[PDB]
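**Student:** Quick one, what's the 3D model for this:
(2 chains)
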Amino acid sequence: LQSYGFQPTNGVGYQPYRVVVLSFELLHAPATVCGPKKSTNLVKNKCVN
Amino acid sequence: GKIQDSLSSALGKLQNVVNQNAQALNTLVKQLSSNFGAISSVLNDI
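**Tutor:** Residues are numbered from 1 along each chain as shown, chains lettered A, B, ... in the order given. Now the structure:
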């Protein structure tokens, strides 16, 4: 396990980059995370999707 | 007067045809939740 050497006086491509990897999965959980969605006042008494 | 007591207190042949039909209709719907070798049972998930 070798350490990195990160000085600002080093060319790009040899500079520190912060990496965030997002991974999703969807099988059968009936109520989990959803985006900024809406639909104020649910439409009742109408065949709806 | 005794028919009325013996019944008021036997219709198995009529009950059985009702039961058989309901048991078959339930088995038909309970099959809508098998994979048969797929990733799920829902088309909105495939």
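
**Student:** and stretch A:23-40, is it in reach of chain B?
**Tutor:** Yes: using Cβ under 8 Å from any Cβ of the partner chain, we find that stretch A:23-40 touches chain B at A:26, A:27, A:28. (Each C-beta comes from the backbone N, C-alpha and C, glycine too.)

**Student:** State the number of residues packed around the second one.
**Tutor:** Just to be clear, that refers to residue A:27. Residues near residue A:27, counting by other Cβ atoms under 10 Å in any protein chain shown, number 7.

**Student:** what about the nearest residue to it once chain neighbours are set aside, which SS state?
**Tutor:** Excluding the flanking residues, the one nearest residue A:27 by Cβ to Cβ, 6 or more residues apart in numbering or on different chains is residue B:40, at 7.1 Å. Put simply, residue B:40 is coil when judged by DSSP: H, G, I helix; E, B strand; the rest coil.

**Student:** Quick check: residue B:40 touching residue A:28?
**Tutor:** Yes: using Cβ atoms under 8 Å, residue B:40 is in contact with residue A:28, at 7.0 Å.

**Student:** and the two? which has more neighbours close in?
**Tutor:** Set residue B:40 next to residue A:28 and count neighbours by other Cβ under 10 Å: residue B:40 wins out with 13 against 8.

**Student:** can you tell me which residues contact the more buried one?
**Tutor:** A:27, A:28, B:46 (Cβ atoms under 8 Å, 6 or more residues apart in numbering or on different chains).

**Student:** Show me which of the residues you listed is closest to residue A:18.
**Tutor:** Minimum separation from residue A:18 among the contacts of residue B:40 (Cβ to Cβ) is found for residue A:27, which lies at 30.5 Å.

**Student:** That closest one and residue B:41: what is the separation?
**Tutor:** 11 Å (Cβ to Cβ, to the nearest Å).

**Student:** again, but for residue A:1
**Tutor:** Plainly put, residue A:1 is 46 Å away from residue B:41 if you go by Cβ to Cβ.
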